[PDB]
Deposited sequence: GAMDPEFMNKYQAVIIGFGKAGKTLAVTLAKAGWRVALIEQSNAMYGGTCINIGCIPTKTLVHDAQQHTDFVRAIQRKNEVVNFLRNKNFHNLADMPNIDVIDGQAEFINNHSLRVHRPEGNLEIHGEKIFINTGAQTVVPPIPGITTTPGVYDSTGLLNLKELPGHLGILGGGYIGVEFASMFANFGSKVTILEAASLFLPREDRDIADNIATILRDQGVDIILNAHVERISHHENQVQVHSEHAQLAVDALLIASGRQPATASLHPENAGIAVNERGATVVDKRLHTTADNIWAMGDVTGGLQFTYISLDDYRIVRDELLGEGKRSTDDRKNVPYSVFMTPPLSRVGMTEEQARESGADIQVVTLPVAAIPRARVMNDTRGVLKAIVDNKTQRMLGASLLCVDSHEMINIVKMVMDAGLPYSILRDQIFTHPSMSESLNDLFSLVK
């Protein structure tokens, strides 16, 4: 095996198939012999957004859980066939250890060797040191909450991140009271001045309870309900989700035996081109420690592929204007800088917003909530950011990002002919407010 990929991650999934067609003889290793395709397929966005779509429709929660199951099972088998149908790939099953820079121990047991090694072990949930989180019924993480038999009446969230907002909106539409608990003073502290307030009013109208400055010190199960204690105060919920955040999973590999350095939270430090301390080993995706997304992982594969099979090289520092989306209802999609970030630099700017009641396509789809906010730099007529909170905003931001990356001025989306009726054509109105 010249190429050995540890993990069925997005970058590794794509790297293995690409190398086999280039004449390489690849072996990918994976621990979860029942959940292929990586976290994106089984645990991540695919199962989350499959239920999110069901929630907006107000469908039975249990039947929607089964519909996720057939969807996850359909894509899991396909992801395994993409790697097994290829001849030069063997999908060995089992967890992996590092014996040496070129040798791997994998679980009865196997000794697989390789000239090149590529790690895609990803990240995993990091639950805080709270007394009671160890042994308490009703406490679930992102994985365990997706397999819930019944729909709770009151679901509490431990975290105010973007993952906690997705589940808060998801269960609110299902019919459950949701309580979000983040220890911060500001809801969504990395968001704009008024965007977070708009998201707040959208959540609170659906019964969501945003508790700020919260501190949790004990978790028990008093009389059929989970208890969240906050110094002479208790919250009774039927199920508790932890939205703590994920950190790279590079502990069961023993990276010391291969001379691979990791940082303070376990992320294998990498070169601008994803080279690690070991000269012939790469690391793509969440183990890098960069943005924790499926497209950042795929773009890591494009970086390692341009090295192995391509002329010259592209690095990670050409990654400009990386977009992200919070798949609540309606979804928030962001790219570029915020209003706080735009003014933080000594370049004057223009910021006007467009209400969603002014988009006729929003009335067609029966959801007229949110705001369309974009930032234009009057010194070069270029766009420095946009925050679109409306229907299909995840589709919309791709137009906004592609124009920024090309360096084009705002006047293109102001005069471009979009289809009708659509949400992307709102940019005709959104950028006509620029003077």
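- Taken in order along the deposited sequence, the stretches absent from the coordinates are 1-10, 118-120.
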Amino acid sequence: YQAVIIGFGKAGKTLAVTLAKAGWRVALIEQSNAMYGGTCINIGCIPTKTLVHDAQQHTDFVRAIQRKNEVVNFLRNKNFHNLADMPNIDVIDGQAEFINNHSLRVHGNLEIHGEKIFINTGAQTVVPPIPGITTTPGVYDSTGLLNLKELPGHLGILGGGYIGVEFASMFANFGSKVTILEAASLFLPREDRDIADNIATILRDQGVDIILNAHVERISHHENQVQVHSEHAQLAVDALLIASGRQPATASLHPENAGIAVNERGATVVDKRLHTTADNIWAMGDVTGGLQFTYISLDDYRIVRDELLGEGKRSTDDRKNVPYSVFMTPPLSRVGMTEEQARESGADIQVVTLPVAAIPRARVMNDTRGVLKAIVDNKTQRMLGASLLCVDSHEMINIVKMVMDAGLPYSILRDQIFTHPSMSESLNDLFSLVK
From here on, numbers count along this sequence of modelled residues.
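- Relative to its counterpart among 198-206 and 117-125, 117-125 has the higher mean temperature factor, C-alpha atoms as listed in the PDB entry.
- The question of which stretch, 80-88 or 67-75, has the higher mean Cα B factor is settled in favour of 80-88.
- Within the listed group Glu191, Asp300, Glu223, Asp306, the record reports its top CA B-factor for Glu223.
- Of the candidates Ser185, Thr277, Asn321, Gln227, the PDB record gives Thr277 the highest C-alpha temperature factor.
- Among the modelled residues of its chain, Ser432 has a C-alpha B-factor that falls in the highest third, as given in the PDB entry.
- When all modelled residues of the chain are sorted by CA temperature factor, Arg361 is found within the lowest third.
- In the deposited entry, the Cα temperature factor of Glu97 places it in the highest third of its chain's modelled residues.
- When all modelled residues of the chain are sorted by CA temperature factor, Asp141 is found within the middle third.
- Ranked against the other modelled residues of its chain, the C-alpha B-factor of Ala168 as given in the entry falls in the lowest third.
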